[PDB]
Amino acid sequence: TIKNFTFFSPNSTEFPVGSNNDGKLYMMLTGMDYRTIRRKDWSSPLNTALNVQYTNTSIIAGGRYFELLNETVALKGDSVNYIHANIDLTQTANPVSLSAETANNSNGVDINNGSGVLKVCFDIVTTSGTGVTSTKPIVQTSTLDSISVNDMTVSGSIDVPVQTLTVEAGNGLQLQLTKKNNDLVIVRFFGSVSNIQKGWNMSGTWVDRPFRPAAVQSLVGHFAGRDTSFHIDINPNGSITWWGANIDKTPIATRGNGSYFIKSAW
Amino acid sequence: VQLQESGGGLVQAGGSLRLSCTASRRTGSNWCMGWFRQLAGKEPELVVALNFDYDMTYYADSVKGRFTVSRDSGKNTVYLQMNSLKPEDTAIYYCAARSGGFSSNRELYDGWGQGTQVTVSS
Amino acid sequence: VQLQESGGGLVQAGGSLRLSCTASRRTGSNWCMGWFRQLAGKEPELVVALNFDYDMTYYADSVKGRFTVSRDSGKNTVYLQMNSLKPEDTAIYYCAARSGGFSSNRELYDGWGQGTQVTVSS
Amino acid sequence: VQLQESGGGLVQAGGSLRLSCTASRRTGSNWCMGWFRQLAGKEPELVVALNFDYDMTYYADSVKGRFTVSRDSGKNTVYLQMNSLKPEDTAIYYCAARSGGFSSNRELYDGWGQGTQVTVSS
Amino acid sequence: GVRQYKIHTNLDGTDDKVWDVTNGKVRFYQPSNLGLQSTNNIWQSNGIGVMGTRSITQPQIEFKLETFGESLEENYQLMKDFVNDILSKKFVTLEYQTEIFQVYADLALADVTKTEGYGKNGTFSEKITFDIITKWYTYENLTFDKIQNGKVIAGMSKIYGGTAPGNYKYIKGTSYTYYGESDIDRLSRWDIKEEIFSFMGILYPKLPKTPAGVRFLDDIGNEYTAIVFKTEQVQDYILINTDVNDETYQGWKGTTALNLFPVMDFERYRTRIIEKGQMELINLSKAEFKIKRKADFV
Amino acid sequence: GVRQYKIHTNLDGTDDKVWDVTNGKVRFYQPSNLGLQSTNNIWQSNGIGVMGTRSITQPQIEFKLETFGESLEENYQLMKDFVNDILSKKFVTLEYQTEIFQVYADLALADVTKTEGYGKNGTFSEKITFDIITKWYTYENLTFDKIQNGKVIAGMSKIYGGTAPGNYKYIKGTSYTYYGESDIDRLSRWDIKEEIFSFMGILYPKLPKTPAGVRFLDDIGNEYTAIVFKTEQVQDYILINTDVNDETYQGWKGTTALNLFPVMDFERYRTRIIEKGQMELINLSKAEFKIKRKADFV
C-alpha cells in the first residue's frame, strides 16, 4: 500500500497529514535520527540559583517541533545536569516535558512508527552548590549521503578514510604507505639497502594496485647518520626503481618521508 | 608490445658491427630498452640497456668501453655500436624492453624479441 | 620503565667481564639501551648505548675497541662484553633505556637500573 | 648459518683457556669448521680448520704442535686446545664454517662468528 | 567489573530482604553450571538424523556457601537466618549482574548441608542446591493506551483540500492542526519481538455490558489466543497473571476482588505461549503490563 | 595446512553468520570423537558369527570451548553471543576442512556449560556437546537432459553400408555425420553409485496432463520408488526437496507457486532412501539436482 501526503485531496478526506507523517518528513529533510535534535535559543536562557529558564528556545526532537517559552528546569546542585526533552504521545494535552538528569539517557525511541517515550538530551548544565557554573549544548547531527557543495568552512575536523600498506620492496628496503581520502599518500622509508645499482628495479614486492600512482613518483630518502641521500621511483605499473648510487654488500639504513597524489586532474 | 630486430650477421675478430631495435609501444615510466646475450648454450644475461626517461646506460663489465648504446630521436629505437669484437662475443642477441628500470630477470621484461645471431669470425 | 641487570663482579687488569640488561617494555621509537658510569667520584657519562631501530651503536672514546654491545635478538635484552679491563674502569655501571636516541642527560632516560659494580685491581 | 661462539680470555705465557664453536646446520659436503685470526700490521690468517667428511685437519706452520682441533662426535661442535701461547698469537679468533674444504678467502665461508679475544701475558 | 550475586526474598515487594552473596557475611562461590541442555529427540536411521521436538532443560545450581562471621555466635546466626529466610518463601530470586547484564532466576532450595569442620571464628563452608523455576529473566513495564484520532475538518486540519491542486492556510488560532496520527492504534499495542516467560497486567475496561480483555496476533496478523471476560457487573480494573505458579484472573470493584476465571472465553484462550506479532486491547481504555522477559542462556 | 573448523548459522543461506572456531575469539579444541560405530547384528552360533543388517551410528561431538576476549566484558559477550547464535537456529553447520577435504555436519546443541574458573582476562574454558543430524556431507550439482539420437540415413550417417564389405563417403557438406551416440539416454539419467542424505531438484515438465517427475531403479533395473505429480496445467518447473527435516514439492507457472502435495502420487513415492542403480526422468525435458552426498567417515 502507498500512503500519500503532499498531494491534493479532492474531497478533503483522502490525504490528511498526521503529526507522525510530518515528523518523518522533517527528519528526512534535515537528516536527523532519534538520537539528536535541532535546537535554537532565540533569546538566551537565564540561570537563577539551581534553575535554568529557557526564555525562547525552539527544539525539533523526532521531527516534532515545540517551543520553550519561559520554561524553568530545576537543577541538582554540585552536579552535571543533562537536560532532556521527553516526548510521550499518549499525554495528548501535554506531549512534551523537560527533565534534568544525572546521565545522558537519550533512548532513540522511534515515536513516529512505534510506542514509547522519546528521551533526547539537548543541554549539559554544570552547577556548584549555589548555581550554574557552565552550559554546553549537545551536538546537532546531520546524517547525509552524497553532498555537492561550492565552499565549506570547518571549525573542528574532517575525518577521511585511511588505508595502510607495508611493502618489502627488496634489497632490504621497506616502505610503509599511508593513504588518506584515497588520494594523498605519505611513504615512510625503513630497513637498510644493499646489493643494488642505479636504474635497477628492486628485487622484492611491487606496490599493491590501490596505492599505485597515475604517474611516476620520485621519492627522496636519506641514509641515517650520513650526509648522503637516494631516491626511488614508484612506477604506475607498481614497480620500484632504485635511483641512489650503487650499494655494496654492507646495508645502510634508509629513512625519510615522501608524499604523492594517486589521482591527477580528472 | 611487438619488436623488430634490424641489423646483424658476419664480421672478423677485432672489427666492428651494429644492432637496431624498435618497440611498437612503451609500457610506462622508467622505460628501459636493451639486449640479452646467450653464449655457448648457457643462460641468457642482460649486457646492454638504456633508461629512456633518465638517459642513463648500463653495460656489463665484460663489454665496457667496447660497446655503445644510442637512441634515435623519439622513435623508441635503440642502436648497439659493437667495436673491437671478440670470439667470446659470438652469441644470440635478443632485444628486451620494459617499464621499471634495469633487471636480470627475463619475466620482468614486457617486450621480448626473436633474437639476431652474432658470428665473430677467426 | 623497569630494568633487570646481571653480571659484574671482580677481575684483574687486562681481563674480561660481561653485563646483561633486560627491559620490561619499549617506550617508543629510537629505542636505546645502554650503560652509564661514575668513575672516581665524578659526574656520570654515557659509556655505551645501542639504537635498536637503527642498529647503530655508540661507544665513548675511552672504551673504543675494548667494549662491545650486543642485542639478544627479538627480546629487549642488551649485553656488554668488555675486554682489556683497567683499574680506571672500576665503577658502578647503571643500565639506562629511553625513546628518542642517545643522550648525556640522565633525566631524559625512561628506564634506570639499580646498578651493577665492576671492580678491577692493578 | 649461525655460529654459537664460546670461551676465550687471557693466560700467562701460554696454556689452557676454554674454546668452543657450534654450527646450527651443515651447508653441504666437504664440511669444515675452524678459526681465523686477524693481524694488525699483517693480514687475516687461516689458523686451524677440520674437514668433518674426511677427518683431516689443517694447522698453519705458526701453531703446529701447540694448537689441537677436536670435534664433538655427535653434536657438530669444534674445540680448540691452544697451549704454549706466544705473544705473537695475540688476536681475536673468529670461528668459521663452510662446505667445499679449506680456503684462505673469508668471503667463501658460509658461517662467520662474532670472534673471541685471546690475549697472551708476558 | 567483577560479577555480583544477590538473594532476594521478594523481588519488587516492599518487604524484600537482600543478601549480598558476593560481598556480605554469607557468600556464594563456584556455581556448578549456569549452562543448559537441549534435546531434539533425534533418531538415526543409519546415520540419517530424524529430528523431533526440541526441549531445553535448565540444570540445578549448586554453590559453595561460605560464612564470614567474626565469632561462633555470629556464624551460627548467619547460617540460621540465611537458610530460614530462603525456607520462609515459596521461592527466592537470584540476581546475576555483570558489566553486560542484570538478570534474575526464581529458585527453590533443593538441599543445604550443615557440618562442623570450622575455620577461624567458626565460619561455615557448606553446599547449597537450587531447583530452577525461571532461569534468566528481566522485567519490562509497558503501558498501552487507546487513543483515538480527531476528525479531519476542512479549514482546520492539515490537508491539501478545496480547488485543485489543494491547499491549507495559516489562520491565527484556528489555522492548521494535525487531525491525528497514522496508526494512532500502535499506542494501545504490544509489538512482540522477543521470548517471554509470562506477563502480568492491569486492564481498564471501556464500555459496560461488553466483554473486555486482550488478544494476540501472529506475524501474519491472525489471532491465535486471547484472555477475554464477560462480567455481570462493571469492574474498576481486571488483574491478569499468566505465571504458571501464580496464575490470576481477578476483577476489582473498589477494594473487592472477584475470581473472573469462570467467566473467561475458554475457547479463545487457546494457549499461554506468546508468539511474535502483536497484542491488541479488547474494549479497554488502558492496560499496564509487567512482562517477564526470557533468556535461556546469558 | 592445519585443519579448520567453522560454525555456520545458515550454510548456503543469505543470512549466514560464520564463527571461525579455529582462529577466532571463540575456539573449539579436542573433538571427543569424529569416528563412528557399526553393527551388523551378528550373533554367534558356537563362535560362528551370523550376520544381519548393517547399521552406522554417529557419536555426539564434544569440544573444549575457549574464549580469547581481552577482558571480562568481552568474554561474557563472546559466550552469550556464540551460544545464543546456536540456540536461535533449528540446527547449525560445522565445516571441517583439511588439505584433502571440505565437509559439513548439521548439528544440534546437546549441552553447554557455563562456570566461573577464570584464567587471564576472565577467559572461558567450557564444554560444548552436539547431537548429529547429518554428519559429513558435500553438495554435488548434476544436470539431466533428455536428448534423442538422430536417424541412421544411408548416404549421410557414418555406417559401412551397401555392397560388401560396406562403405561410407566424404561428400562436401553432406559427407558423413554421426547418427547419434551409443546410450544417448545416459545424459538424462543419474547413475547412482553412492549414498545420499537427500536431494534438491528443479524439474522441467514437457506434456500437460500426464504425470511428471522422476523414478528410481535398483541395480536389477526395477522401479522401487518415484516422486511424480499430475497437475491440471504444465508448470514452468517444479521444485522438490527430499530432506526428511525440510521437504518441499512446489510447482511454478509464471509468478504463481502451487503446493504439489495434493497432486503427488502417494502410491509411487514408496521411499526417500535412494539405493544404487539409476534415476530416470518422467515427462521432463531437463532436471537440475543438488545432491547432499553422504560420507560416514572422513
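Note on naming: letters A, B, ... go to the chains in the order of the sequence lines (proteins, then strands), and numbering restarts at 1 for each one.
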Tell me yes or no: between the side chains of [X] and [Y], is some donor less than 3.5 Å from an acceptor?
{"X": "A:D22", "Y": "E:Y178", "result": "yes"}
{"X": "F:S71", "Y": "F:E73", "result": "no"}
{"X": "F:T123", "Y": "F:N121", "result": "no"}
{"X": "A:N51", "Y": "A:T72", "result": "no"}
{"X": "A:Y65", "Y": "A:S58", "result": "yes"}
{"X": "A:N104", "Y": "A:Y82", "result": "no"}
{"X": "A:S79", "Y": "A:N81", "result": "no"}
{"X": "F:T67", "Y": "F:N75", "result": "yes"}

Could you check whether any side-chain N or O of [X] sits under 3.5 Å from a backbone N or O of [Y], counting only pairs where one atom can act as donor and the other as acceptor?
{"X": "A:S115", "Y": "E:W190", "result": "no"}
{"X": "E:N10", "Y": "E:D16", "result": "no"}
{"X": "E:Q4", "Y": "E:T22", "result": "no"}
{"X": "A:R38", "Y": "A:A61", "result": "no"}
{"X": "E:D145", "Y": "E:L187", "result": "no"}
{"X": "A:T55", "Y": "A:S44", "result": "yes"}
{"X": "E:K135", "Y": "E:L34", "result": "yes"}
{"X": "E:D218", "Y": "E:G277", "result": "no"}
{"X": "A:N86", "Y": "A:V117", "result": "no"}
{"X": "F:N84", "Y": "F:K80", "result": "yes"}

Less than 4.0 Å between a side-chain N and a carboxylate O, is that true for [Y] and [X]?
{"X": "F:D15", "Y": "F:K17", "result": "no"}
{"X": "E:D191", "Y": "E:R189", "result": "no"}
{"X": "E:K146", "Y": "E:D185", "result": "yes"}

Assert yes or no for the condition that the ring centre distance of [X] to [Y] is strictly below 6.0 Å.
{"X": "E:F289", "Y": "E:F144", "answer": "yes"}
{"X": "E:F216", "Y": "E:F199", "answer": "yes"}
{"X": "E:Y176", "Y": "E:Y168", "answer": "yes"}

Do [X] and [Y] come within less than 4.5 Å of each other through their side chains, counting heavy atoms only?
{"X": "E:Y137", "Y": "E:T93", "answer": "yes"}
{"X": "A:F122", "Y": "A:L98", "answer": "yes"}
{"X": "A:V162", "Y": "A:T178", "answer": "yes"}
{"X": "E:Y179", "Y": "E:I159", "answer": "no"}
{"X": "A:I60", "Y": "A:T30", "answer": "no"}
{"X": "E:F91", "Y": "E:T134", "answer": "no"}
{"X": "A:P95", "Y": "A:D88", "answer": "no"}
{"X": "E:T98", "Y": "F:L72", "answer": "no"}

* Asked: Pick one: which of E:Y104, E:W136, E:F297 meets ring pair (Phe, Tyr, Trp, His ring centres under 6.0 Å) with E:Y96?
  ->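 Looking at E:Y104, E:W136, E:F297, the match for E:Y96 under the ring pair (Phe, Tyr, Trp, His ring centres under 6.0 Å) is E:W136.
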Does atom [atom1] of [X] have more than 12 heavy-atom neighbours from other groups under 6.0 Å away?
{"X": "A:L144", "atom1": "CG", "value": "yes"}
{"X": "A:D159", "atom1": "CG", "value": "no"}
{"X": "E:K276", "atom1": "NZ", "value": "no"}
{"X": "A:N94", "atom1": "CG", "value": "no"}

Taking all non-hydrogen atoms of both residues, which atom of [X] and which atom of [Y] are closest, and how far apart?
{"X": "A:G23", "Y": "A:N112", "result": "C-ND2, 4.0 Å"}
{"X": "A:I59", "Y": "A:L68", "result": "CD1-CD1, 3.7 Å"}
{"X": "E:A257", "Y": "E:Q250", "result": "CB-NE2, 3.7 Å"}
{"X": "A:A100", "Y": "A:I83", "result": "CB-CD1, 3.8 Å"}
{"X": "A:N181", "Y": "A:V160", "result": "N-CG2, 3.8 Å"}
{"X": "E:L217", "Y": "E:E280", "result": "CD1-OE2, 3.4 Å"}

* Verify side chain to side chain donor-acceptor pair (under 3.5 Å) between A:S19 and E:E181, making sure each step is shown before the conclusion. => CA-CA 6 Å; A:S19 41; E:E181 302 236 332; 2.5 Å; yes
Rounded distance (nearest 0.5 Å) linking atom [atom1] of [X] with atom [atom2] of [Y]:
{"X": "E:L94", "Y": "E:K6", "atom1": "CG", "atom2": "NZ", "value": "10.5 Å"}
{"X": "F:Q77", "Y": "F:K25", "atom1": "CD", "atom2": "NZ", "value": "12.0 Å"}
{"X": "A:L89", "Y": "A:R64", "atom1": "CG", "atom2": "CZ", "value": "5.0 Å"}
{"X": "E:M200", "Y": "E:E288", "atom1": "CE", "atom2": "CD", "value": "10.5 Å"}
{"X": "A:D183", "Y": "A:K263", "atom1": "CG", "atom2": "NZ", "value": "4.5 Å"}
{"X": "E:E275", "Y": "E:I192", "atom1": "CD", "atom2": "CD1", "value": "9.5 Å"}

* Might you work through the side chain to side chain contact (heavy atoms under 4.5 Å, CB included) test for A:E67 and A:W42, ending with a clear yes or no? => CA-CA 10 Å; A:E67 297 175 345; A:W42 304 103; 5.9 Å; no
* Given E:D106, E:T138, E:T242, E:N241, the one that forms side-chain hydrogen bond (donor to acceptor under 3.5 Å, both in side chains) with E:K292 ->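 Exactly one pass, corresponding to E:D106.
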* Going through the checks in order, is the side chain to side chain contact (heavy atoms under 4.5 Å, CB included) test met by E:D246 and E:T248? -> CA-CA 6 Å; E:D246 185 49; E:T248 308; 4.3 Å; yes
* To do: Check the pair A:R39, A:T57 against side chain to side chain contact (heavy atoms under 4.5 Å, CB included), reporting the backbone distance first and the verdict last.
  => CA-CA 7 Å; A:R39 178 266 186 93; A:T57 295; 3.9 Å; yes
* Would you please test A:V139 and A:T141 for side chain to side chain contact (heavy atoms under 4.5 Å, CB included) and show each step? => CA-CA 6 Å; A:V139 72; A:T141 305; 4.0 Å; yes
* Test side chain to side chain contact (heavy atoms under 4.5 Å, CB included) applied to E:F229 and E:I238, E:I282, E:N283, the passing residue ->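 So the option named by the test is E:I238.
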